[PDB]
Amino acid sequence: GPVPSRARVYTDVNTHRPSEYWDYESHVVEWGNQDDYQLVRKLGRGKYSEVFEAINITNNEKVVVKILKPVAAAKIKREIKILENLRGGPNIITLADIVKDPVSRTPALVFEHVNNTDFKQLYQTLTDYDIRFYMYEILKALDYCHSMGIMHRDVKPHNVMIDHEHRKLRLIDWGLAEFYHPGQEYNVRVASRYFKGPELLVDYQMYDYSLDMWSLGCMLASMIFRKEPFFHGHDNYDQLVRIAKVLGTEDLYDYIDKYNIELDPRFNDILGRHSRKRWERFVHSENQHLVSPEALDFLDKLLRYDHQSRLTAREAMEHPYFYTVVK
Ligand SMILES: Nc1ncnc2c1ncn2[C@@H]1O[C@H](COP(=O)(O)OP(=O)(O)OP(=O)(O)O)[C@@H](O)[C@H]1O
Ligand SMILES: N#CCc1n[nH]c2cc(Cl)c(Br)cc12
């Protein structure tokens, strides 16, 4: 069967913490007062929650309330425990309260409000300096949660909020995050299509923090090359084909050979044979202002099939691409 894998960093952080840290089902939720929050307007709804802008009437501060749908309310202790474990960490969204919604009769998570800059505006306006600055800020959040024994598993632009005026970044939506335990087989149905790592796409379950580093690479490639998304799959199968057209099929087959993976036979008729393309293939007049040799080298070290080969968040922070960023 498949060859096992473990992370190369923060491998046993969970074994060395009291069980209460990661045994989220044993956690006793401390409930706040729902009357402290007045709903103002609905911001959105997904298959898992409804999100509202609200006011905390005890301090007249804006907050965001995420009301869990009856379906997603089951794994709520995992999201709660992760948010409480990470609270106060670098660029981690703050969970302000947990209340029982009077209408849905489900848990409602109350978060720090971010006056975030529009995501399309961020995509279209961030300069070369800004991309480096904000990539360094998201790396601080990722290294912190990985060092705390947690994988986010849903890194994408909409989950990395930026309030551009205050040069403030927050990593949000921890509903898919999980505790990393060496040897654990995880569900591959995580992350959003364009940000799924090859490990998910080839159905390799023994993945780790390094999944988040692939997703971060996908964000970086889209930003510097002005291509949204960078790997534009029609579905989860075509997603792997899109990747293979850039990274090549030989390194893909070496990856599945190494891990002794049984690749879905549906790929035999669609992967084809592709060589790796040099990153300069994607440079053009409209993105050259965002591209540098250091950006290409950094990207090259994130977007690797072999999850064990990718830079860790702490190694990424050491890269020359960040030397120009004021620290
Ligand atoms: N802490 C927060 N501060 C301010 N706005 C927030 C906060 N958390 C979430 N939001 C916003 O709430 C809105 C609704 O949330 P939701 O997750 O449904 O949307 P989304 O991010 O556009 O979804 P998707 O994951 O499909 O891209 C979004 O505009 C999101 O940016
Ligand atoms: N794509 C896109 C826009 C965008 N949304 N959120 C971001 C976070 C960072 Cl770190 C960077 Br760089 C860019 C974005």
Side-chain angles (χ1 to χ4, degrees), residues 37 39-56 61-69 72 79 83 87 90-97 108-143 152-164 166-177 190-195 212-213 215-232 287 290-291 295 298-299 302 313 316-317 321-322 325:
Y37 311 99
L39 305 182
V40 172
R41 65 189 174 109
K42 198 198 297 199
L43 299 173
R45 194 165 68 215
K47 252 184 275 288
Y48 297 94
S49 67
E50 201 156 40
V51 174
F52 294 84
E53 193 185 306
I55 298 266
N56 178 341
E61 294 192 295
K62 301 192 180 166
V63 293
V64 164
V65 178
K66 173 194 196 164
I67 303 173
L68 276 295
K69 282 191 169 177
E79 183 179 356
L83 283 163
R87 191 156 53 204
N91 300 336
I92 304 302
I93 200 65
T94 295
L95 178 63
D97 216 339
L109 299 183
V110 187
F111 297 95
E112 158 184 8
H113 177 268
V114 179
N115 182 19
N116 72 293
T117 304
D118 178 272
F119 296 95
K120 288 173 181 179
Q121 279 191 173
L122 287 166
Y123 173 80
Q124 296 293 347
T125 206
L126 289 179
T127 65
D128 176 34
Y129 185 76
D130 289 324
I131 296 169
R132 299 173 196 231
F133 180 91
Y134 291 120
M135 283 286 290
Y136 197 76
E137 290 303 302
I138 181 58
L139 285 165
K140 291 178 181 172
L142 292 175
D143 185 48
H152 184 278
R153 310 198 299 176
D154 199 17
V155 173
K156 61 183 191 181
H158 285 182
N159 289 342
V160 186
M161 304 202 109
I162 290 170
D163 168 4
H164 201 23
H166 304 105
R167 299 198 64 87
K168 182 166 147 282
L169 180 146
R170 298 291 182 257
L171 179 58
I172 66 158
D173 198 352
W174 296 81
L176 276 179
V190 299
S192 58
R193 188 191 310 143
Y194 309 138
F195 299 88
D212 292 335
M213 301 308 293
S215 305
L216 185 71
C218 291
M219 296 182 52
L220 180 67
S222 174
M223 282 302 295
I224 72 174
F225 296 130
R226 310 278 76 212
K227 186 179 179 309
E228 217 190 326
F230 187 71
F231 298 121
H232 190 212
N287 65 26
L290 305 180
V291 177
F298 176 47
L299 182 65
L302 297 174
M317 293 169 83
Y321 180 63
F322 302 109
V325 179

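Counting convention: from 1, in listed order, for ligands and their atoms alike. Throughout, numbering of the chain's residues begins at 1 and tracks the sequence.
Looking at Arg226, its side chain never comes within 3.5 Å of a backbone N or O of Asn287 through a donor-acceptor pair. Judged by distance alone, with hydrogens and angles left aside, the side-chain atoms of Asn91 form a donor-acceptor pair with the main-chain N or O of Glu137 at under 3.5 Å. Looking at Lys42, its side chain never comes within 3.5 Å of a backbone N or O of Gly44 through a donor-acceptor pair. Distance alone, capped at 3.5 Å, places no donor-acceptor pair between the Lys47 side chain and the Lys69 backbone. Judged by distance alone, with hydrogens and angles left aside, the side-chain atoms of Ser49 form no donor-acceptor pair with the main-chain N or O of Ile67 at under 3.5 Å.
Using a 4.0 Å cut-off to heavy atoms of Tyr134, the atoms of ligand 2 that qualify are 10 (Cl). Contact atoms of ligand 1 toward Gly44: 14 (C) (distance under 4.0 Å to a heavy atom of the residue). Proximity to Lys156 (heavy-atom distance under 4.0 Å) selects the following atoms of ligand 1: 24 (P), 25 (O), 27 (O). For ligand 2 and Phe119, the ligand atoms under 4.0 Å from any heavy atom of the residue are 3 (C), 5 (N).
At a 3.5 angstrom cut-off on N or O pairs, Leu169 does not count as close to ligand 2. For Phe119, no nitrogen or oxygen atom sits less than 3.5 Å from a nitrogen or oxygen atom of ligand 1, counting backbone and side chain alike. Polar contact with ligand 1: absent for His113 (N/O pair, distance under 3.5 Å). For the pair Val160 and ligand 2, the shortest N or O to N or O distance falls below 3.5 Å. Here's the thing with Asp173: none of its N/O atoms is less than 3.5 angstrom from an N/O atom of ligand 1.
Using a 30° and 60° split on the angle between ring planes, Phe298 and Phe322 fall in the perpendicular class, above 60°.
Only side-chain heavy atoms of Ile93 come within less than 4.0 Å of ligand 1; its backbone N, CA, C and O stay farther off. Contact annotation for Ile162 and ligand 2: only side-chain heavy atoms (C-beta onward) come within less than 4.0 Å of the ligand. Residue contacts with ligand 2 for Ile138 involve side-chain atoms from C-beta outward but no N, CA, C or O (heavy atoms, distance under 4.0 Å). At a heavy-atom cutoff of 4.0 Å, ligand 1 is contacted by the side chain of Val64 but not by its backbone. Within the 4.0 Å heavy-atom criterion, neither part of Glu137 lies near ligand 2.
The shortest side-chain heavy-atom distance between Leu126 and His164 falls under the 4.5 Å cut-off. Between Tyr194 and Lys156, every side-chain heavy-atom pair lies at or beyond the 4.5 Å cut-off. Side-chain atoms of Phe225 and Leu299, non-hydrogen and from C-beta on, do get closer than 4.5 Å to each other.
The protein heavy-atom contact nearest to atom 18 (O) of ligand 1 is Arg45 N, 3.9 Å. Taking atom 10 (N) of ligand 1 as the reference point, the nearest protein heavy-atom neighbour is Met161 CE, 3.9 Å. Among protein heavy atoms, atom 9 (C) of ligand 1 sits closest to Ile172 CD1, 3.9 Å. The protein non-hydrogen atom at the shortest distance from atom 23 (O) of ligand 1 is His158 ND1, 4.3 Å. Among all non-hydrogen protein atoms, the one lying nearest atom 12 (O) of ligand 1 is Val51 CG1, 3.4 Å. In terms of protein heavy atoms, atom 28 (C) of ligand 1 is closest to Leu43 O, 4.6 Å. Atom 1 (N) of ligand 1 has its closest protein heavy atom at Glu112 O, 2.8 Å. Counting only heavy atoms of the protein, atom 14 (C) of ligand 2 lies nearest to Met219 CE, 4.2 Å. Protein heavy atom closest to atom 2 (C) of ligand 2, with residue, atom name and distance, is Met223 SD, 3.5 Å.
For the atom pair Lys168 NZ and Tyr134 OH, the distance stands at 10.0 Å (nearest 0.5 Å).
When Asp173, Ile93, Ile138 are each tested for a side chain to side chain contact (heavy atoms under 4.5 Å, CB included) with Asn159, only one passes: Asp173. Each of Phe195, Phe119, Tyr123 was scored for a ring pair (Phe, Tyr, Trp, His ring centres under 6.0 Å) with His158, with one residue passing: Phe119.
Nearest to atom 4 (C) of ligand 2 by heavy-atom distance, out of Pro157, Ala221, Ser222, is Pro157. When the options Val114, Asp154, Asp163, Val65 are ranked by their closest heavy atom to atom 3 (N) of ligand 1, first place goes to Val114.
Using a 4.0 Å cut-off between a side-chain N of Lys or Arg and a carboxylate O of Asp or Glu, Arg170 and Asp163 do not qualify as a salt bridge.
Per-atom contact check: atom 16 (P) of ligand 1 does not touch the protein, criterion being a heavy-atom distance below 4.0 Å. Using a 4.0 Å threshold on non-hydrogen atoms, atom 25 (O) of ligand 1 counts as touching the protein.
Within a 6.0 Å sphere centred on CZ of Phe133, heavy atoms belonging to other residues, nucleotides or ligands number more than 12. Around the NZ atom of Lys62, the shell of radius 6.0 Å holds no more than 12 heavy atoms that belong to other residues, nucleotides or ligands.
Residue contacts with ligand 1 leave out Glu53, since none of its heavy atoms falls under 4.0 Å from the ligand.
Side-chain atoms of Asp130 and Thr127 form a donor-acceptor pair, as typed in the model, at a separation below 3.5 Å.
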